[PDB]
Amino acid sequence: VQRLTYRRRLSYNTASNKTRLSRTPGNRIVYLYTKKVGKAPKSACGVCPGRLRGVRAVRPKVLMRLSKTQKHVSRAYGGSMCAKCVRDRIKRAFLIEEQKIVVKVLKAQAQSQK
Amino acid sequence: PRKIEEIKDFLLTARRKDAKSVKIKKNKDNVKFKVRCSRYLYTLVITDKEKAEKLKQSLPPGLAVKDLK
Amino acid sequence: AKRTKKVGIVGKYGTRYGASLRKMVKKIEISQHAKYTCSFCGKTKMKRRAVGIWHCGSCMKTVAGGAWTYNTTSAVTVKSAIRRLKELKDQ
Amino acid sequence: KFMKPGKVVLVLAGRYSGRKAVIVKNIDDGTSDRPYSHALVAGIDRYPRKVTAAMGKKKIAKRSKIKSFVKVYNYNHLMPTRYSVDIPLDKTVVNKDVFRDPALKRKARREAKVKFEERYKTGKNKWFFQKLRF
RNA sequence: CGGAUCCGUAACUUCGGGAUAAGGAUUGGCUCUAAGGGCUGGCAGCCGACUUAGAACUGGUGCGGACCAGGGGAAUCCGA
RNA sequence: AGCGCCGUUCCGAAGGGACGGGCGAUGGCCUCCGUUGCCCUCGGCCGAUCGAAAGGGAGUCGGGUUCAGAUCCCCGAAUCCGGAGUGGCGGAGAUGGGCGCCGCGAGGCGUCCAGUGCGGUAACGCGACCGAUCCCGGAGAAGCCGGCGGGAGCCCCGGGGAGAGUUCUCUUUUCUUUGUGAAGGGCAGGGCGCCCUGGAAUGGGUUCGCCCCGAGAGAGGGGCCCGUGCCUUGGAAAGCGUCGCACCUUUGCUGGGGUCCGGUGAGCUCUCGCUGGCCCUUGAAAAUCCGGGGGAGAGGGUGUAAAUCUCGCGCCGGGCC
Ligand SMILES: [Mg+2]
Ligand SMILES: [Mg+2]
Ligand SMILES: [Mg+2]
Ligand SMILES: [Mg+2]
Ligand SMILES: [Mg+2]
Ligand SMILES: [Mg+2]
Ligand SMILES: [Mg+2]
Ligand SMILES: [Mg+2]
Ligand SMILES: [Mg+2]
Ligand SMILES: [Mg+2]
Ligand SMILES: [Mg+2]
Ligand SMILES: [Mg+2]
Ligand SMILES: [Zn+2]
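This is the structure:
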C-alpha cells in the first residue's frame, strides 16, 4: 500500500541492481541492494552438472576474505576436482603403469627367445 | 557486535586497552554490560540481579561507567 | 485417444506451409527429437544439443553425428570402407 | 582370499588419497560396530624427496625424514596391489584399539615411521617408496 | 448480435481447419440440499478457501439490467 | 606531389621487469639488514592507447537534523582495500619418545631421536596448516518461453489495546496504527547428478508433466550449499498514535501500550531452486581473484626455540570529479 523509490541514480531494472524490500526499525519499507549470488566451483573433467562440495559459493573478489579451510578440501585436488574423478585418475594411472610394466616384460620375454 | 556467554572472557575484554566505554542497561529481568571497543561492542546479558549487583563492583575503576536510564 | 488422423508432430504448424512440405519435414521431425540408445552408456538418452551434436544424459559423452539422425547411411558405409581399407594390405 | 597383510594397498578416497598403504590386519567378516569388511593399514604420508650425487650427506639425512600414518579403511575405498612389503609389524604397538587414544596413535605412527625408514634406506622395494604420479 | 452455461454445428479441405459456422434455451433476489479437504489417537474429535450441480419461494418476463462487447450466409477476381 | 592516407599484426633487434646466485660500493644501533653498479639463469607480447554515469567491477546500514542536503551532515552500529624496515601483542608450527641416575611418590638431571597440525571407513570438518619458476582448472561468464515448490512484502479474516466517526433506530459496529537495518552465531526451510549398510522382477518408489534404477532402486544412517525466514548482540535509550507538567523566540521531560495470540489462500509483486520445451537462431569478451599438481629452496635443531600463518585482536591512511 506504500510505494517507495530507488536509493541510487540507477533507474533501470538491470542486473547490477537487484533490490529486496525490507522493514526498518523506523516502521517503513525500503529497498536494499543484494550482491549477485556466487556459484560453487565445478570440477575439471569430472562430473559435469555437480558442483564441488565443501567449498564456499561466493563471488570471486570475496575469496580474498575467506580462509583456506573454507575454500578447499583436505584431499588431493580438493577445490579443483570432485571425489569420483580423483579415485578414477588414481586407478587409471596405476593400471596403465602396470600395463606398461606388463608390455615391458613381454618385450623382454620375446627378446630372450628371438 | 559480539555476544559474550562465559564469565571469564568479558572481564578480560573489559580490562583491555580499547575498553574506553562501559555501559549498563537495566531491563525486565535482564542486565546488559556493553563494553565498547575500537572494532566491536561486546554485550554480556544476565537474568539474575544477584549476579549483577556483585559483578558491577568488579569492573576496573577509571573506565567511565555510564548507567543507562 | 487418437487426436489426429494422419498428421503427427507437424500438427503444430496448422494449415499453413502446404501439405507436401509438412509431409517431408515430418520424417525428420520424428527422428531429430526422438531419444536414441547411447552406444556407450546403454540408455535411451541421446537428445541432440545442436546441429550434429548429440550428448547423453548419463555420462555426457558427446558425439558428432548427423544433423537430423544419430548416424547417416553415408557415414556408415564410409566407416565400413575405411575399416576395409585399413585391414587390406596392412593400412 | 588373496588380500593378506603382506601386500601393498592403494587408498582411493580419503585424506590420504593414494599413499601406498600396507595392511597390518584385515577383517573380512566384519566386527559388530563395523558391519562392512575392512583392513587396518599403515601408509606413508610424505614421500622422501629425490637424492643426487651433488646433495651432501647432511641433505640426504634431511630428505630421508618421512612421515607415516595408520588408519582403518573399507575395501571399497582401497585397491590391492601385487607388490608386497616384508617388514615385521608387531601387533602390540599397532592395534585396532589404538584409535581411542591419541597417545597410542602417536606411538603407533612413530613406530611405523621407523619401520618404514629402515626399509627405505636399504633401497629394497623402491616402488613402495616412490610417489605415484596421478 | 455481442459475456457465460447447456444442446447443435453445413459445403469444401492440404484432414491441421472452416468454427465463437449457422441456428436455439437460460441468466435477477432471497432461503436450501448434495459433492469436491487437512490435522490429532490406538473407525472418532476439531479446523478454514470458494467452486459446481439440483430444487423450492418471489419480483409488473425484469435479469451481461451500468460498464465491458464477433452481424451472418451464398459467390467471383487477386495475393498462399 | 602533398596536408596525409591504407594497414593493427602484418615485411619490426617492438619484454627495461622479476625469483635466485656471484663480484663490487654505500647507509641505518656496520651484530643484522635496506639499496646501488655489473655478470649468470629464467621470462610469447596475443602488441601502445581510447572505447559503457544501463555490460563486468571488493566493501554502509538504522535514527535525527534545514527555509534549500542525505546511504554525504550528527549520533550509534559495521565493513573493504593498502602499510609495518629496530618485524605490536596472543594462538598455531611448540614441545613427545627411548636409555641411565637422583627422589617413597609427584618430579629433576645427562645423551640420542622425532616433531613443516589434526579427526571421520567414507561424502568431509576445525581457530591457523612453509612454499619459487612453471603448469592445469574454476569463478567472473550467460538465449527465450512454459510449468512446479520455498521465502519475503502487500492484500484478507478472527481476537486484544490506543485514538477517531455515527448513534432519530440498530450495530461488542466502522476507520488509522500495533517495529527490528547492515554485520556475526544458532535453529527451522529448500536443493544435491554427495557418502556408507544392503540389492530388486510378483518390478519399484515417484511428478501437475516427465523422469530414475544392476553404470546400484525402495529403506535406514550421514555430508555439503543457500539460509533474503525465526531468536539472540546491535535493540529500545532512538522512531511512531494516545492522554500530560514547565513554555509561548530558555519547550525539555514524564508512563504507560507498542518487540500481543493466530489462520487461510490456483491472490498480486520480487527473489531462489527443480524440470521441460524451442533451432539450418547456441545466445560476449577482458580486468581482478581463487583452488589444485609439481617440490627449485628456507628454517632452530631440542625439555631452548626458529622458518611461515589465508587465525583472534590492536595502530595508520584512503587522493580527484
Ligand atoms: Mg555498471
Ligand atoms: Mg453453396
Ligand atoms: Mg464461413
Ligand atoms: Mg448445510
Ligand atoms: Mg498478402
Ligand atoms: Mg576505459
Ligand atoms: Mg540516517
Ligand atoms: Mg530534497
Ligand atoms: Mg587488513
Ligand atoms: Mg513463485
Ligand atoms: Mg541477519
Ligand atoms: Mg505465499
Ligand atoms: Zn553416454
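Residue numbers (the deposited numbering), protein chains in the order written: chain e, 2 to 115; chain i, 2 to 70; chain n, 2 to 92; chain X, 3 to 136.
Idealized CB from N, CA, C, for every residue including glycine.
Which residue marks the beginning of the beta strand (DSSP E) containing residue i, and which one marks its end?
i: i/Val-36; result: 31 to 37
i: i/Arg-16; result: Neither: i/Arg-16 is in no beta strand (DSSP E) and is coded neither H nor E.
i: X/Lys-59; result: First-last for X/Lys-59: 59 to 65, but that is the alpha helix (DSSP H), not the beta strand (DSSP E).
i: X/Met-81; result: 80 to 86
i: X/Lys-9; result: 9 to 13
For residue i, verify whether its CB is less than 6 Å away from any heavy atom of ligand 13.
i: e/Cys-46; result: no
i: n/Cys-42; result: yes
Can you tell me which of the three DSSP states residue i falls into?
i: e/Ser-44; result: coil
i: e/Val-56; result: coil
i: e/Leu-107; result: helix
i: i/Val-66; result: strand
i: e/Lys-19; result: coil
i: e/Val-31; result: strand
i: n/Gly-66; result: coil
i: X/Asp-47; result: strand
i: i/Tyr-43; result: strand
i: e/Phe-95; result: helix
i: i/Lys-24; result: strand
i: n/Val-77; result: helix
i: X/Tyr-75; result: strand
In terms of residue numbering, what span does the alpha helix (DSSP H) encompassing residue i cover?
i: X/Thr-33; result: No alpha helix (DSSP H) holds X/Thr-33; DSSP gives it neither H nor E.
i: n/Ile-29; result: 21 to 34
i: X/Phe-130; result: 128 to 131
i: X/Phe-118; result: 104 to 123
i: n/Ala-51; result: Element bounds for n/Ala-51: not the alpha helix (DSSP H) but the beta strand (DSSP E), 49 to 51.
i: i/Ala-53; result: 51 to 54
Taking the alpha-carbon positions, what's the residue i to residue j distance?
i: e/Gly-79; j: X/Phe-136; result: 14 Å
i: X/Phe-118; j: X/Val-100; result: 19 Å
i: n/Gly-53; j: n/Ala-68; result: 4 Å
i: n/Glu-88; j: n/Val-79; result: 14 Å
i: e/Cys-83; j: e/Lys-43; result: 8 Å
i: n/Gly-66; j: n/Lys-46; result: 15 Å
i: n/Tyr-14; j: n/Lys-7; result: 14 Å
i: e/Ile-97; j: X/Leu-91; result: 31 Å
i: X/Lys-3; j: X/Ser-86; result: 16 Å
i: n/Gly-19; j: e/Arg-88; result: 58 Å
i: X/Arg-21; j: X/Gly-45; result: 6 Å
i: X/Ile-29; j: i/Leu-45; result: 54 Å
i: e/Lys-36; j: e/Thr-15; result: 13 Å
i: e/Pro-61; j: e/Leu-67; result: 10 Å
i: X/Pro-7; j: X/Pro-37; result: 20 Å
Ligand 1 and residue i: does the residue's C-beta get closer than 6 Å to at least one heavy atom of that ligand?
i: e/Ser-75; result: no
i: e/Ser-12; result: no
Using the rule of at least 16 other Cβ atoms within 10 Å of the residue's Cβ for burial, across every protein chain shown, is residue i buried or exposed?
i: X/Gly-16; result: buried
i: n/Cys-39; result: buried
i: X/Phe-130; result: buried
i: e/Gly-27; result: exposed
i: X/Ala-23; result: buried
i: X/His-40; result: buried
i: e/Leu-107; result: exposed
i: i/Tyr-43; result: buried
i: n/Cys-57; result: buried
i: i/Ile-8; result: exposed
i: i/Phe-11; result: buried
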